[PDB]
C-alpha cells in the first residue's frame, strides 16, 4: 500500500516555478483531521514566502479529493474559541488573515464532500475529473467547525442555483458544477492533475509582479 490511513498530512514538491501540494490521506478518503489541516495551512504559508514559486497546485492523492472533516478526531481538539491555524500558516479556506497573495490552481476528483467545496472555491482555477461528486451534506447535520459555505458559491452560480444545493445538501456532479461556473473544465478521470499543471504553467509564464497586482486588484473587487 501507499494510501495513508494514518494521521493526515500533505506532500510538497517544487517543480520549477510551481509548488505542488498533495492531500495525503487516501486511506481515509482525505477526511481532514487536525494534522492535515495544520499541514495544509503550513504548506500554503511556505508557498507564500517562496520567492521562486509563482503558482501553487493543490491536488489529492488517491481516488477522492475529500470526504469532508474528520469530526471524530477534530472535536476533542477545538478550543471553545474555535480552530486555530499554526503560526506561519495561511488559511486554506481563505477566511482568516493572512490572505494568500499568489495564484492557486486546484484539481479535484471522485468525492468532494462538505469542506471540500469551499476549499475548491478558494482557488483561482479549478479542474475536475468527470464524475466527481459534490455535496454540502453538513446542512443536514449542523453548523460545521470550519469550511462552511460562503458567498463564493452564490457569486459564481448565481443566488438561486447556489441555494438549490447549499440549503438542501443534495449531490451534484462535475458537469453541473461546470454549468454553474464553479469549474473552468471537466476532463477524463486521471487527467485532472495534468490539466491543472497546464494552467499553472501558463500562470507561471506570466510576469510575477503583474499577476500579483492582478490578484490584489481582484481580491479588492470582492471584499
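Residue numbers count along the first chain shown, from 1.
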item	value
Between the two ranges 14 to 22 and 205 to 213, the one averaging a larger CA B factor in the entry	205 to 213
104 to 112 or 82 to 90, whichever carries the higher mean Cα B-factor	82 to 90
Residue of maximum C-alpha B factor among 164, 64, 49, 179, per deposited coordinates	49
Cα B factor band for residue 57 (lowest, middle or highest third within the chain)	middle
CA B-factor ranking of residue 136, expressed as a third of its chain	lowest
Ranked against its chain, the third holding the CA B-factor of residue 197	middle
Third of chain Cα B-factors occupied by residue 158	lowest
Residue 173 - Cα temperature factor, lowest/middle/highest third of chain	middle
